[PDB]
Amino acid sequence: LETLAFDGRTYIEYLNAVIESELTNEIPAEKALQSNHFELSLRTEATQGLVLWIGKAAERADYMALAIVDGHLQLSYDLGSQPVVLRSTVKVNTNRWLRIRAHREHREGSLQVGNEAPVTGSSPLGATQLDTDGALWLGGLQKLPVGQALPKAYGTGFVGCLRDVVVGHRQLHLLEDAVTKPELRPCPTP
């Protein structure tokens, strides 16, 4: 397949799969999201890092974020009501590839790293949807945190390698899908 490598200053932007009205004749639009599913593979030596951001670029918080805190992964999302945080027990760093299954249906969301029993939970009641502006970010963020009181790790760029990217049921093309192409490298061979 392919491997996108991240130096910590690498923040790659992708669009969420759009409506092709040309082919479908369907009215173009982008509604807030009902459910999210992310499948990705990761190899790192890092103890802390922001990895994934599905977010709305308004400074009030609607976000879906996968990040590393103290060697262990965290899935957190704010739906309009307060956020929920799900910590993967598995440690991110042996510099060995790990499989990540992140999913949420409305409030309910799950995270599974490697072969661990999946970590479930639900965001607070009220808002069940995620406000979105067609942005899917990878390798952390440009240092564009949204004025939220997030863990200080979410401000740090991600160092390591990724592959086999699955957003929903679609297989993501790492190079071709990137709207933002700062610089691109296949994962090094450590």
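Each residue number is its position in the shown sequence, starting from 1.
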item	value
Comparing 115-123 with 89-97, the one whose average Cα B-factor in the PDB entry is higher	89-97
Comparing 126-134 with 29-37, the one whose average Cα B-factor in the PDB entry is higher	126-134
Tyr63 - Cα temperature factor, lowest/middle/highest third of chain	lowest
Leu23 - which third its CA temperature factor falls in, relative to the rest of the chain	lowest
Chain-wide C-alpha B factor ranking for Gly140, given as lowest, middle or highest third	lowest
Record-listed C-alpha B factor of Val159: chain third	middle
Ranked C-alpha temperature factor of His169 among modelled chain residues, by third	lowest
